[PDB]
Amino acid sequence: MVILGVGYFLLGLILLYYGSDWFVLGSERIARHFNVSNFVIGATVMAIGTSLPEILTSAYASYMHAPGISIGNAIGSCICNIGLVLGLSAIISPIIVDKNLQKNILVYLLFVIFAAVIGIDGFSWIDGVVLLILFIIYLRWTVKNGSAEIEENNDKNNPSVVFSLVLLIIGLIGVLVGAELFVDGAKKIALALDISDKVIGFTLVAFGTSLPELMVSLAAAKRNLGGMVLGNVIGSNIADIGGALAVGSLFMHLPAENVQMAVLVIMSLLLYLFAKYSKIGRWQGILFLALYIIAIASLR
């Protein structure tokens, strides 16, 4: 069993590594094809793609009468995206945020503050419907503001668009399967070593759901695509709240997570202030990483 486990683990790392880059490359080309910014493609296609694990996990957990895990994982993912993912990415490729993207981050901040407020006494299915609708509105508003598309499908290099789309799809298949092989491999190794417990198990799952955002953003950062990185942090958090958290609330009332929500609000405000008045570079990234470390050391 340890052999299959090692095999799954290594293969997962390989698929994550090359899949993340193919996903980024395909997504960037697609953005160019359809006259939208990297932020837009990051906040829509890439964000949703990489958040599929959180959404499925939250749905499953709530359906299995574990709403605490459902909301814990969703908000935990948001803290990870800003703290670890953006933190690492900012150092690799410092990001200067233009005016239009600043506006988008501000709207993101309003969304998070709104969710924190209505979730003070937990989330009901009605809160979830509301958050889901706002999720949809955000996406359309983001696409419309970030698209200077001024041509029809007949104006494009359609065979090139096909290649880009296939690269994107295969990339995404790579990162999602890779993330799952990683988790299952590590679980098999832990089981084989007789060191598996529920703490290690849930830690493995929680981190597994975040591996796609992590690898994709790092891949984007190494290619100096800061707008894509930023899009795929902001969009993932909204998809995690408007999508993963909301869908969880549809199966069961979710318990309040006021401490984690407060942390997310503060990190979001920080992110906005940096975007608006400075940059998201080395010491901003250092700060975000320090806050993430404090979070994983002290949050229950």
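Counting begins at 1, following the sequence as shown. We call the rigid core whatever largest set of C-alpha positions still superposes within 1.5 Å between the two forms.
Of the two segments 96-104 and 191-199, the one whose CA positions lie farther from the displayed form in 8 other deposited structures of this protein, once all are superposed on the rigid core, is 191-199.
With 159-167 and 209-217 as candidates, the stretch whose CA atoms show the greater average offset from this form in 8 other deposited structures of this protein after a core fit is 159-167. In at least one third of the other compared structures of this protein with flanking residues present, residue 150 is left unmodelled. For the two regions 66-74 and 233-241, the entry's Cα B-factors average higher over 66-74. Comparing 57-65 with 263-271, the stretch with the higher mean C-alpha B-factor in the PDB entry is 57-65. For the set 129, 228, 120, 90, the PDB entry assigns the largest Cα B-factor to 120. Taking the deposited Cα B-factors for 150, 79, 109, 214, the highest one is held by 150.
Compared with the other modelled residues of the chain, the Cα B-factor recorded for residue 135 ranks in the middle third.
In this PDB entry, residue 288 carries a Cα temperature factor that places it within the lowest third of its chain's modelled residues. Among the modelled residues of its chain, residue 52 has a C-alpha B-factor that falls in the highest third according to the deposited record. In the deposited entry, the Cα temperature factor of residue 189 sits in the bottom third of values across the chain's modelled residues. Ranked against the other modelled residues of its chain, the C-alpha B-factor of residue 104 as given in the entry falls in the middle third.
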